[PDB]
Each structure stands twice: as structure tokens, then as C-alpha cells.
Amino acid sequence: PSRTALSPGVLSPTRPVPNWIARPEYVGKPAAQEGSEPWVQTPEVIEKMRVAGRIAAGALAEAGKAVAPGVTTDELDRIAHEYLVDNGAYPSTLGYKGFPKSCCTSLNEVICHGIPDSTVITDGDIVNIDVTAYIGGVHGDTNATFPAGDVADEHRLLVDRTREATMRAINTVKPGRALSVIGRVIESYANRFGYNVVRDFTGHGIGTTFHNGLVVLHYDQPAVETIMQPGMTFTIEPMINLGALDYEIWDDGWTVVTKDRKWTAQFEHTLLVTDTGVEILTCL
């Protein structure tokens, strides 16, 4: 048997960031200035995005190494926060539209945007950690779902097949291809197992802004005409559900849960379209 439905916990105090680490402009503001930026980045921006991406990947991997029964989601946030700040990076989530922590922790039925808190991870859980770094005036965004203890076969396979859907989508990225191939590959692969691909939350372009206005759909919609071109940077971040797509948001305004409480898994990388294919910017 696995645990029952989750409920929210208490948050730790706000974690500070040294003043010499520049903040994204949206920290301390009610909204973010994003969504109208170019989709192809300059070579100087891309080089800085490699640095941001590798730092985010390191924070993700260090917090992921700590996932085990008995650990709180707050303790994962502390690890990610300190990794970023020791690397001179600001955690992009912290202060984005008032989000109170440095990463998102989404267990089990939480589709995305779970808030690190007193919640204790237990055996059988699947834990998504989502970390973004802001450094050099650019962002790097990545997430992964990590098993805690011995996970039930249905949940283990959900995580492994979500990871594989993500990698197959990444491996389609090439200049001249339609962006819509990403969602076609994810949803074709998920539908083999009878999983449902979340639609309402998407991948996105990323650069000097966190969400630049480019949308990357994870389901199949061949009417989108956008093509991949060298220098475009975006995330692929599919959420895949064992149950129905219907969802609720907690009173915290962030945490998104499946209405049937069936579990869901996600992986994310920030990608660069190169002249021949793709480069993952959020690798160690």
C-alpha cells in the first residue's frame, strides 16, 4: 500500500539571498515582465544560459539525492536554495508572483507547483523537484521525479515512462521541425499505456525571462505552425497522469492536485536548438 491524499503543511521562514546576487525584476512585484520576448537567443545569451542550466541541474541533483523516506519537502528546498546561492544564482521561483520558496516539490497526486513545507516524504512516494536558476541575467529550468523507498509497480512505471516520453521528445528537436512534434511524440507514447497528458500547463520559451511567450504543448496539436530554429531555447516539461485530467488548486493558490487523487509524474529540461539538433542546457 502507498500513502493517502496529501494536505498542506507549514512553511519555514523565508530563506535569504545575499544582496550581491541580482534579483529577477519580478521579485517584490505582483506580476512578472515576461511573455513578449524574442524566441531565438543571441550567442551571448546562450552561453550564459549554459551556466544557468548547469547550476540548476546541480541543485536539482543534490536535492534529488536527499529524497528518502523521512525527509521533508522543506529540507529539499533548503538544499536547492543553498546550492543556488553558493553558486551566485537567485532561485527564480522565490518571489515569482509571491511563490514563497526556492523550488517546487510535487509529490504523488500533485501535478505541479507544490510548495516545500513540513510534509514528510514516506516510502512509496514519487517526488518531483523543480528548480530554476537566475544568473547572468538569464534563467535555466529543470525538474525530475524521484522515487522514495520501494515504489508500487504502477507508480514506478508511470515515472519511468514519463522520463522516456521526455527524452523521446527532446530527441526530436532539430531545426526545421515543427514544434508540434514534441507533443505528438509525448502523447503517442503516453497513450500506449492509457495515461492522460496534462494540457493546461505547458512548456515554454525561456531566456532573459522565465516564460518568454513561446508555448510548448505536450499533447498533439498539429495546427501550431511554429518551427524550431537554431538558437531557440525552451523547456519540455510534460506532466502525465494515471487518472483523469480534472484538477483542483489548493487555497495556497499554487498547488495543483488531480481531483481523483491518482498520481502524476513530470520531467523537464531547458533545450537549445542547434544547427544540427539539440543541446540540453540543464545537464551536469
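Throughout, we count residues from 1 along the sequence that is shown.
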| item | value |
| --- | --- |
| 20-28 versus 5-13 - which carries the larger mean C-alpha B factor in the record | 5-13 |
| Higher-scoring stretch by recorded Cα B factor average, 105-113 or 194-202 | 194-202 |
| Residue with highest C-alpha B-factor in the PDB entry, from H211, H139, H81, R177 | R177 |
| Highest-ranked of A152, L76, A144, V131 once sorted by CA temperature factor in the record | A152 |
| Assigned third (lowest, middle, highest) for the C-alpha B factor of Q221 | middle |
| Modelled-residue ranking by C-alpha temperature factor, third containing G231 | middle |
| Chain-relative CA temperature factor third for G88 | middle |
| Modelled-residue ranking by C-alpha temperature factor, third containing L157 | highest |
| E37 - Cα temperature factor, lowest/middle/highest third of chain | middle |
